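Visitor: There's a structure below that I have some questions on.
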Amino acid sequence: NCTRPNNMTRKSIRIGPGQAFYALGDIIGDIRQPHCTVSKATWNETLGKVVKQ
Amino acid sequence: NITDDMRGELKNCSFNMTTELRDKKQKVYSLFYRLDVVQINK
Amino acid sequence: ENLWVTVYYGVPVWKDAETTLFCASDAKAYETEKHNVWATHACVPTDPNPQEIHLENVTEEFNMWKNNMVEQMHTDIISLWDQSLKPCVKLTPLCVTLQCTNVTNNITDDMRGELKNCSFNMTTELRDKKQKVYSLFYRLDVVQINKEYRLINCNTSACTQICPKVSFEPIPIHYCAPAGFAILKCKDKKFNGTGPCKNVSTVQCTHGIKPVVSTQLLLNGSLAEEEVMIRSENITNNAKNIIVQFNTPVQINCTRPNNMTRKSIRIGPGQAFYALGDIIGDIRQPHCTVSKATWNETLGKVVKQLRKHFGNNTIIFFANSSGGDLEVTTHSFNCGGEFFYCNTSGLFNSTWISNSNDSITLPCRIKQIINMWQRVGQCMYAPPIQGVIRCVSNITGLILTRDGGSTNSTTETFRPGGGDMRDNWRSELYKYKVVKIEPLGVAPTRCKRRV
Ligand SMILES: *[C@@H]1O[C@H](CO)[C@@H](O[C@@H]2O[C@H](CO)[C@@H](O[C@@H]3O[C@H](CO[C@H]4O[C@H](CO)[C@@H](O)[C@H](O)[C@@H]4O)[C@@H](O)[C@H](O[C@H]4O[C@H](CO)[C@@H](O)[C@H](O)[C@@H]4O[C@H]4O[C@H](CO)[C@@H](O)[C@H](O)[C@@H]4O)[C@@H]3O)[C@H](O)[C@H]2NC(C)=O)[C@H](O)[C@H]1NC(C)=O
Ligand SMILES: *[C@@H]1O[C@H](CO)[C@@H](O[C@@H]2O[C@H](CO)[C@@H](O[C@@H]3O[C@H](CO[C@H]4O[C@H](CO)[C@@H](O)[C@H](O)[C@@H]4O)[C@@H](O)[C@H](O[C@H]4O[C@H](CO)[C@@H](O)[C@H](O)[C@@H]4O)[C@@H]3O)[C@H](O)[C@H]2NC(C)=O)[C@H](O)[C@H]1NC(C)=O
Ligand SMILES: *[C@@H]1O[C@H](CO)[C@@H](O[C@@H]2O[C@H](CO)[C@@H](O[C@@H]3O[C@H](CO[C@H]4O[C@H](CO)[C@@H](O)[C@H](O)[C@@H]4O)[C@@H](O)[C@H](O[C@H]4O[C@H](CO)[C@@H](O)[C@H](O)[C@@H]4O)[C@@H]3O)[C@H](O)[C@H]2NC(C)=O)[C@H](O)[C@H]1NC(C)=O
Ligand SMILES: *[C@@H]1O[C@H](CO)[C@@H](O[C@@H]2O[C@H](CO)[C@@H](O[C@@H]3O[C@H](CO[C@H]4O[C@H](CO)[C@@H](O)[C@H](O)[C@@H]4O)[C@@H](O)[C@H](O[C@H]4O[C@H](CO)[C@@H](O)[C@H](O)[C@@H]4O)[C@@H]3O)[C@H](O)[C@H]2NC(C)=O)[C@H](O)[C@H]1NC(C)=O
Ligand SMILES: *[C@@H]1O[C@H](CO)[C@@H](O[C@@H]2O[C@H](CO)[C@@H](O[C@@H]3O[C@H](CO)[C@@H](O)[C@H](O)[C@@H]3O)[C@H](O)[C@H]2NC(C)=O)[C@H](O)[C@H]1NC(C)=O
Ligand SMILES: *[C@@H]1O[C@H](CO)[C@@H](O[C@@H]2O[C@H](CO)[C@@H](O[C@@H]3O[C@H](CO)[C@@H](O)[C@H](O)[C@@H]3O)[C@H](O)[C@H]2NC(C)=O)[C@H](O)[C@H]1NC(C)=O
Ligand SMILES: *[C@@H]1O[C@H](CO)[C@@H](O[C@@H]2O[C@H](CO)[C@@H](O[C@@H]3O[C@H](CO)[C@@H](O)[C@H](O)[C@@H]3O)[C@H](O)[C@H]2NC(C)=O)[C@H](O)[C@H]1NC(C)=O
Ligand SMILES: *[C@@H]1O[C@H](CO)[C@@H](O[C@@H]2O[C@H](CO)[C@@H](O)[C@H](O)[C@H]2NC(C)=O)[C@H](O)[C@H]1NC(C)=O
Ligand SMILES: *[C@@H]1O[C@H](CO)[C@@H](O[C@@H]2O[C@H](CO)[C@@H](O)[C@H](O)[C@H]2NC(C)=O)[C@H](O)[C@H]1NC(C)=O
Ligand SMILES: *[C@@H]1O[C@H](CO)[C@@H](O[C@@H]2O[C@H](CO)[C@@H](O)[C@H](O)[C@H]2NC(C)=O)[C@H](O)[C@H]1NC(C)=O
Ligand SMILES: *[C@@H]1O[C@H](CO)[C@@H](O[C@@H]2O[C@H](CO)[C@@H](O)[C@H](O)[C@H]2NC(C)=O)[C@H](O)[C@H]1NC(C)=O
Ligand SMILES: *[C@@H]1O[C@H](CO)[C@@H](O[C@@H]2O[C@H](CO)[C@@H](O)[C@H](O)[C@H]2NC(C)=O)[C@H](O)[C@H]1NC(C)=O
Ligand SMILES: *[C@@H]1O[C@H](CO)[C@@H](O[C@@H]2O[C@H](CO)[C@@H](O)[C@H](O)[C@H]2NC(C)=O)[C@H](O)[C@H]1NC(C)=O
Ligand SMILES: *[C@@H]1O[C@H](CO)[C@@H](O[C@@H]2O[C@H](CO)[C@@H](O)[C@H](O)[C@H]2NC(C)=O)[C@H](O)[C@H]1NC(C)=O
Ligand SMILES: *[C@@H]1O[C@H](CO)[C@@H](O[C@@H]2O[C@H](CO)[C@@H](O)[C@H](O)[C@H]2NC(C)=O)[C@H](O)[C@H]1NC(C)=O
Ligand SMILES: *[C@@H]1O[C@H](CO)[C@@H](O[C@@H]2O[C@H](CO)[C@@H](O)[C@H](O)[C@H]2NC(C)=O)[C@H](O)[C@H]1NC(C)=O
Ligand SMILES: *[C@@H]1O[C@H](CO)[C@@H](O)[C@H](O)[C@H]1NC(C)=O
């Protein structure tokens, strides 16, 4: 399970005729590190099987 | 309101940019990830 | 008796099908050397003596509203225009602030505020130098930013200037079928676009079709042979457009009387922008003219043909367009390279109840920034044409729309319509269909193979 918890806002900036650049406008709330999570037991079992092979 | 692990990861960068009119410039700002920018020499 | 299967290869059998036709043009275009898009990118020489074979005993079902020929022609013309515009100049630097004043030097009251004298700074062949230049812009091609103006397209896309060496004038185009396919043609005089045809032929190529781009009025097209023809996918559905084909043409004379000067401005290395320099003489409204009596007779014939579907006693109203943008609300066309949009309110302003050179005059406006095919983001800039412009064309048909009517059934009102060019192509391809040959047949005989 991977997540970016920061609530991000997309801002359009017109840089030319019909040319728009989509930037990060603001962060709503606190800023936290995006992270992934995996079960320890499942990963340990999978690694054990890999080692056995 | 950042955490200690996310310190310096995001940067608030202001710059002048072109507009739909070739003779006009707009001062804008954005947020850039630390990995996407490099110091030239603030 | 004893009968056995027998195989025949090359039997005259066919099925309805879709394929990719090719296009042919006469050698005359190759002799112009004006680089017509069709003759340059798509088409090949036309056969001096095209083959038409009349199919005796054959009765074939036609439907002009489900003909892939129209879709292929629409795609082809759009692609060819884009291809011709690819190598042309892109007017990105033209998107700058404009300081615009009026042009009041001998103008008429009707043309007040239509033209603007705009000064601006522009790039030169040297990247580090700027030149202060001026031009004349039509009121429709500019919009006020806040005396400060900008081109209408600057917030959508950059316009591509039409190369003056390229010609978009409509030359006849023939559509021809490849191997394994045939083009069937209905020669019935009173064919309404759908149903059986008893006088059928097969043709290598279609007749010369001129891809004329116009709205509210079909120009320089084919005429009906006996009477005015009304065609609609479903006449009782007011949401379906009605294509009207005339049996006699109506002459229309359109003119821009203003004597215009073309000025070249060097905006980059090898990049030239063609602007309107000055107007020589007085400024008058461009206009079109049609004979009142001829138009009245044509409208009477159209009403007579419509009463066959909407009643002998129903009152018929011809009113102007309801709403939309300039292309749909006006008769739009190209005259000598300039893009005209004419007010047709004087043409559809009539009442019919079922019971001399006044020369109806239609005021017209001109545009230089053109959005074709109802697209967005691919605007095109038309450079001005030097001198005085006059063109004469034939109205051969109409595109109409019927109002809901509220189901009262007492009256019916018709308004000019258009926009979708597919109807324009249908006005010419209604009599053609494409079929795929099935050359294998199996039949019983007394012939038995040897053992
Ligand atoms: C429905 O159908 C009708 C008839 O088919 C059609 O009207 C025709 O329109 C075309 C184009 O608008 C007309 O062709 C133009 O005619 C003008 C007038 O010149 C007359 O006199 C000369 C004298 O020799 C004749 O050769 C000529 O045939 C005319 O009788 C010409 O000046 C045009 O040529 C110039 O423009 C061409 C296109 O740009 C160039 O290829 C050509 O070399 C000429 O260049 C001139 O203009 C350039 C700028 O464009 C400039 O740079 C050059 O230096 C030069 O000044 C062109 O041949 C034709 O005459 C009309 N026919 C009739 C009977 O009216 C309708 O337009 C059509 N309706 C629709 C909606 O399509
Ligand atoms: C990245 O960097 C940019 C630029 O540095 C930051 O953008 C600035 O954000 C601040 C804070 O939001 C802005 O300052 C605030 O603007 C509010 C909006 O008011 C506008 O209109 C008034 C009236 O005309 C102007 O005076 C004002 O300048 C603004 O144009 C003001 O309401 C704020 O003041 C009031 O409210 C605060 C909060 O309640 C009070 O403390 C004050 O006393 C006062 O009552 C304040 O001035 C600033 O204008 C923004 N600049 C730009 C260029 O947009 C981003 O926030 C930053 N992002 C991150 C994530 O760091
Ligand atoms: C759209 O807008 C542009 C710019 O505003 C207009 O261009 C201007 O047109 C006016 C009128 O033609 C120009 O002014 C006239 O210029 C004539 C040319 O002389 C040139 O050389 C002399 C000598 O070096 C310079 O002094 C002068 O500035 C020019 O560079 C002059 O001869 C005119 O004055 C003389 O003649 C008139 C008429 O006979 C007399 O009344 C005077 O008293 C004097 O004897 C006059 O100065 C102007 O220079 C143009 N500007 C530019 C930038 O080109 C367009 O005309 C306008 N178009 C429309 C349709 O509105
Ligand atoms: C060419 O164009 C015409 C005009 O659009 C079409 O004629 C329409 O055909 C539709 C479909 O048959 C008609 O709608 C149906 O009408 C039936 C008759 O009811 C009449 O009276 C009621 C009174 O309340 C009106 O509401 C109704 O509009 C009719 O005037 C109804 O019984 C139908 O209802 C059933 O079907 C609908 C649609 O599936 C369901 O939603 C209902 O719940 C119900 O099961 C239906 O409303 C329409 O009235 C016709 N209009 C006219 C002007 O005649 C042609 O069909 C078309 N031809 C082709 C080949 O496409
Ligand atoms: C966007 O563009 C503007 C205009 O080019 C930039 O502002 C300009 O910044 C320069 C450098 O800071 C200023 O010149 C300096 O001025 C100071 C006095 O404040 C002087 O001591 C220095 O010697 C130098 O001359 C200039 O005046 C200023 N112009 C303005 C504000 O109109 C702006 O910095 C640009 N933005 C970004 C994000 O780069
Ligand atoms: C083409 O570019 C030139 C140069 O950029 C433009 O001229 C410049 O116009 C600005 C705005 O009018 C001038 O600045 C202003 O000057 C006045 C005094 O006249 C002052 O009161 C204002 O506060 C402001 O500073 C600038 O001086 C001027 N530069 C010149 C003439 O060299 C010109 O307007 C541009 N043309 C078009 C059609 O946009
Ligand atoms: C559509 O058709 C109607 C009816 O023909 C046009 O309205 C009519 O226009 C004529 C000519 O302008 C009017 O006659 C004028 O009457 C005034 C006042 O009596 C008189 O001073 C003039 O000398 C001229 O005789 C007529 O009254 C008027 N009728 C109505 C009911 O409005 C209408 O202009 C047409 N629309 C278009 C776009 O052609
Ligand atoms: C991310 O931020 C946006 C904007 O602040 C949030 O959108 C708001 O959602 C609430 C309901 O949760 C509404 O009442 C507000 O009107 C919304 N504001 C807008 C759309 O401007 C969004 O909910 C936030 N997402 C998370 C996961 O926190
Ligand atoms: C990854 O996310 C899923 C949900 O998308 C988590 O599944 C939930 O697990 C908890 C605890 O076992 C249950 O109570 C929920 O009913 C589950 N929801 C589901 C399956 O939709 C899963 O545990 C997460 N894995 C992690 C965080 O490692
Ligand atoms: C702005 O961000 C930069 C980059 O993270 C900060 O530079 C670091 O600051 C910390 C805290 O003082 C020092 O320990 C580091 O040595 C600095 N350099 C690096 C590469 O991390 C800077 O301090 C920040 N300034 C402010 C005012 O927030
Ligand atoms: C310059 O042109 C504009 C656009 O036509 C004029 O603006 C109009 O002027 C008339 C006459 O005074 C007014 O009745 C209108 O209300 C104005 N606006 C519009 C949208 O038409 C302007 O007057 C012209 N100025 C000069 C000096 O010629
Ligand atoms: C507009 O229609 C008229 C009348 O049909 C055309 O003039 C005729 O053109 C044919 C061409 O073969 C000549 O044979 C006739 O002699 C011409 N006159 C008449 C009275 O028929 C005219 O060419 C058409 N114009 C366009 C642009 O198609
Ligand atoms: C074109 O003509 C065909 C017949 O040649 C019309 O189709 C018939 O329409 C009537 C109703 O008006 C039906 O009762 C018949 O069953 C239809 N027969 C066939 C073979 O289609 C068609 O409606 C006409 N289209 C028009 C006038 O737009
Ligand atoms: C449009 O304007 C140009 C330029 O003023 C006119 O060209 C002139 O034509 C006359 C003959 O009519 C010549 O004597 C001049 O030498 C020409 N001047 C040039 C070419 O600069 C042209 O005649 C005008 N056209 C109309 C229809 O009025
Ligand atoms: C459209 O223009 C043509 C000429 O290009 C006009 O035809 C002329 O008509 C007048 C009056 O009937 C005749 O005297 C001329 O001999 C005709 N010239 C031709 C046919 O070359 C036609 O009348 C115009 N139609 C309008 C203005 O509605
Ligand atoms: C086309 O011409 C007609 C009549 O010549 C114009 O009709 C006028 O439209 C205005 C604007 O809606 C109405 O207030 C008037 O009632 C109409 N006057 C007449 C004479 O009927 C019409 O405006 C023109 N079309 C456009 C869009 O300019
Ligand atoms: C149609 O005519 C009416 C009345 O003259 C006018 O208000 C309307 O603007 C006209 N529509 C178009 C598209 O010209």
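Simple scheme: letters A, B, ... for chains in structure tokens order, numbers from 1 for residues in each chain, numbers from 1 for ligands in the order shown.
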Collect all residues with atoms no farther than 9 Å from ligand 3, counting only C-alpha atoms and all ligand atoms, and output them as number ranges by chain.

Guide: C: 100-105, 115-119, 132-136, 277-280

Visitor: To check your reading of the model: which residues sit at most 10 Å from ligand 9 when counting only C-alpha atoms and all ligand atoms? Write the answer as a PyMOL selection string.

Guide: chain A and resi 1-2+36-40+42

Visitor: Taking only C-alpha atoms into account, find every residue of chain C that has an atom no more than 6 Å from chain A, and write it out as a PDB file with C-alpha atoms, in the first residue's frame.

Guide:
```pdb
ATOM      1  CA  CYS C 154      -4.115  34.757 -28.547  1.00  0.00           C
ATOM      2  CA  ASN C 155      -5.718  32.951 -25.588  1.00  0.00           C
ATOM      3  CA  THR C 156      -6.523  29.803 -27.602  1.00  0.00           C
ATOM      4  CA  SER C 157      -3.710  29.149 -30.097  1.00  0.00           C
ATOM      5  CA  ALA C 158      -1.389  30.735 -32.637  1.00  0.00           C
TER       6      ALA C 158
END
```

Visitor: Of the candidates B:28, B:37, B:2, B:10, which one gets nearest to chain A if we count only C-alpha atoms?

Guide: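 Using only C-alpha atoms, the shortest distance to chain A belongs to B:2.
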
Visitor: What residues of the protein or nucleic acid chains come within 7 Å of ligand 1 when you use only C-alpha atoms and all ligand atoms? Reply as JSON, numbers by chain.

Guide: {"C": [34, 164, 167, 169, 170, 212, 219, 220, 333, 334, 335, 336, 337, 385, 386, 391, 392, 393, 394]}

Visitor: For N, CA, C and O atoms, I'd like the residues from the last selection saved as a PDB file, in the first residue's frame.

Guide:
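Done, and the output landed in out-v2.pdb:
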```
ATOM      1  N   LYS C  34      -0.408  26.488 -59.512  1.00  0.00           N
ATOM      2  CA  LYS C  34      -0.673  27.275 -58.317  1.00  0.00           C
ATOM      3  C   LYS C  34      -0.664  26.426 -57.053  1.00  0.00           C
ATOM      4  O   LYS C  34      -0.981  26.935 -55.974  1.00  0.00           O
ATOM      5  N   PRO C 164       0.510  32.510 -49.631  1.00  0.00           N
ATOM      6  CA  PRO C 164      -0.119  33.050 -50.846  1.00  0.00           C
ATOM      7  C   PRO C 164       0.159  32.233 -52.093  1.00  0.00           C
ATOM      8  O   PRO C 164      -0.553  32.404 -53.090  1.00  0.00           O
ATOM      9  N   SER C 167      -3.270  27.647 -53.282  1.00  0.00           N
ATOM     10  CA  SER C 167      -4.624  27.975 -53.702  1.00  0.00           C
ATOM     11  C   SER C 167      -5.594  26.954 -53.127  1.00  0.00           C
ATOM     12  O   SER C 167      -5.381  25.744 -53.261  1.00  0.00           O
ATOM     13  N   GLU C 169      -8.890  27.309 -54.013  1.00  0.00           N
ATOM     14  CA  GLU C 169     -10.052  27.425 -54.877  1.00  0.00           C
ATOM     15  C   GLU C 169     -10.567  26.031 -55.230  1.00  0.00           C
ATOM     16  O   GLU C 169      -9.770  25.132 -55.523  1.00  0.00           O
ATOM     17  N   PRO C 170     -11.882  25.809 -55.215  1.00  0.00           N
ATOM     18  CA  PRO C 170     -12.399  24.456 -55.463  1.00  0.00           C
ATOM     19  C   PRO C 170     -12.243  24.063 -56.925  1.00  0.00           C
ATOM     20  O   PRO C 170     -12.819  24.691 -57.815  1.00  0.00           O
ATOM     21  N   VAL C 212     -16.867  23.035 -52.325  1.00  0.00           N
ATOM     22  CA  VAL C 212     -17.158  24.412 -51.948  1.00  0.00           C
ATOM     23  C   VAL C 212     -17.556  24.452 -50.480  1.00  0.00           C
ATOM     24  O   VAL C 212     -18.458  23.726 -50.047  1.00  0.00           O
ATOM     25  N   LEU C 219     -23.358  26.521 -53.113  1.00  0.00           N
ATOM     26  CA  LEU C 219     -22.871  27.328 -54.220  1.00  0.00           C
ATOM     27  C   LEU C 219     -22.169  26.452 -55.245  1.00  0.00           C
ATOM     28  O   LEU C 219     -21.444  25.519 -54.889  1.00  0.00           O
ATOM     29  N   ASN C 220     -22.390  26.764 -56.521  1.00  0.00           N
ATOM     30  CA  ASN C 220     -21.649  26.154 -57.620  1.00  0.00           C
ATOM     31  C   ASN C 220     -21.801  24.636 -57.633  1.00  0.00           C
ATOM     32  O   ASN C 220     -20.893  23.914 -58.051  1.00  0.00           O
ATOM     33  N   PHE C 333     -18.541  32.159 -46.751  1.00  0.00           N
ATOM     34  CA  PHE C 333     -17.923  31.621 -47.959  1.00  0.00           C
ATOM     35  C   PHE C 333     -16.598  32.334 -48.195  1.00  0.00           C
ATOM     36  O   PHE C 333     -16.187  33.205 -47.423  1.00  0.00           O
ATOM     37  N   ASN C 334     -15.924  31.936 -49.272  1.00  0.00           N
ATOM     38  CA  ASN C 334     -14.641  32.499 -49.672  1.00  0.00           C
ATOM     39  C   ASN C 334     -14.791  33.125 -51.050  1.00  0.00           C
ATOM     40  O   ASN C 334     -15.178  32.444 -52.005  1.00  0.00           O
ATOM     41  N   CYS C 335     -14.483  34.414 -51.147  1.00  0.00           N
ATOM     42  CA  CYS C 335     -14.552  35.170 -52.392  1.00  0.00           C
ATOM     43  C   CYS C 335     -13.159  35.701 -52.698  1.00  0.00           C
ATOM     44  O   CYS C 335     -12.642  36.557 -51.971  1.00  0.00           O
ATOM     45  N   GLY C 336     -12.547  35.180 -53.756  1.00  0.00           N
ATOM     46  CA  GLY C 336     -11.244  35.666 -54.175  1.00  0.00           C
ATOM     47  C   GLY C 336     -10.184  35.578 -53.103  1.00  0.00           C
ATOM     48  O   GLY C 336      -9.211  36.339 -53.138  1.00  0.00           O
ATOM     49  N   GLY C 337     -10.342  34.666 -52.147  1.00  0.00           N
ATOM     50  CA  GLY C 337      -9.396  34.499 -51.068  1.00  0.00           C
ATOM     51  C   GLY C 337      -9.782  35.172 -49.769  1.00  0.00           C
ATOM     52  O   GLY C 337      -9.164  34.883 -48.738  1.00  0.00           O
ATOM     53  N   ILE C 385      -6.158  40.442 -49.744  1.00  0.00           N
ATOM     54  CA  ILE C 385      -6.064  40.396 -51.196  1.00  0.00           C
ATOM     55  C   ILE C 385      -6.034  41.826 -51.713  1.00  0.00           C
ATOM     56  O   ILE C 385      -6.891  42.643 -51.354  1.00  0.00           O
ATOM     57  N   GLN C 386      -5.051  42.130 -52.554  1.00  0.00           N
ATOM     58  CA  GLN C 386      -4.854  43.491 -53.032  1.00  0.00           C
ATOM     59  C   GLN C 386      -5.863  43.824 -54.122  1.00  0.00           C
ATOM     60  O   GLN C 386      -6.070  43.038 -55.052  1.00  0.00           O
ATOM     61  N   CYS C 391     -16.964  38.553 -57.048  1.00  0.00           N
ATOM     62  CA  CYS C 391     -17.201  37.170 -57.423  1.00  0.00           C
ATOM     63  C   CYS C 391     -18.673  36.990 -57.758  1.00  0.00           C
ATOM     64  O   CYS C 391     -19.543  37.666 -57.203  1.00  0.00           O
ATOM     65  N   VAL C 392     -18.938  36.073 -58.683  1.00  0.00           N
ATOM     66  CA  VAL C 392     -20.291  35.726 -59.093  1.00  0.00           C
ATOM     67  C   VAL C 392     -20.447  34.222 -58.948  1.00  0.00           C
ATOM     68  O   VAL C 392     -19.636  33.456 -59.479  1.00  0.00           O
ATOM     69  N   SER C 393     -21.485  33.801 -58.234  1.00  0.00           N
ATOM     70  CA  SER C 393     -21.701  32.396 -57.934  1.00  0.00           C
ATOM     71  C   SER C 393     -23.157  32.039 -58.190  1.00  0.00           C
ATOM     72  O   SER C 393     -24.015  32.906 -58.375  1.00  0.00           O
ATOM     73  N   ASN C 394     -23.423  30.737 -58.214  1.00  0.00           N
ATOM     74  CA  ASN C 394     -24.768  30.206 -58.380  1.00  0.00           C
ATOM     75  C   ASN C 394     -25.201  29.540 -57.087  1.00  0.00           C
ATOM     76  O   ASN C 394     -24.555  28.592 -56.626  1.00  0.00           O
TER      77      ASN C 394
END
```

Visitor: Give the residue list for ligand 8 at 10 Å, counting only C-alpha atoms and all ligand atoms, as a list in words, sorted by chain and then by residue number.

Guide: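 Residues lying within 10 Å of ligand 8: residues 5, 6, 7, 8, 9, 26, 27, 28 and 29 of chain A.
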
Visitor: Quick one: of B:30, B:4, B:20, B:14, who's nearest to chain C, counting only C-alpha atoms?

Guide: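 Selected residue with least distance to chain C: B:20.
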
Visitor: Residues within 7 Å of ligand 7, counting only C-alpha atoms and all ligand atoms: report them as a VMD selection string.

Guide: chain C and resid 345 to 346 349 to 350
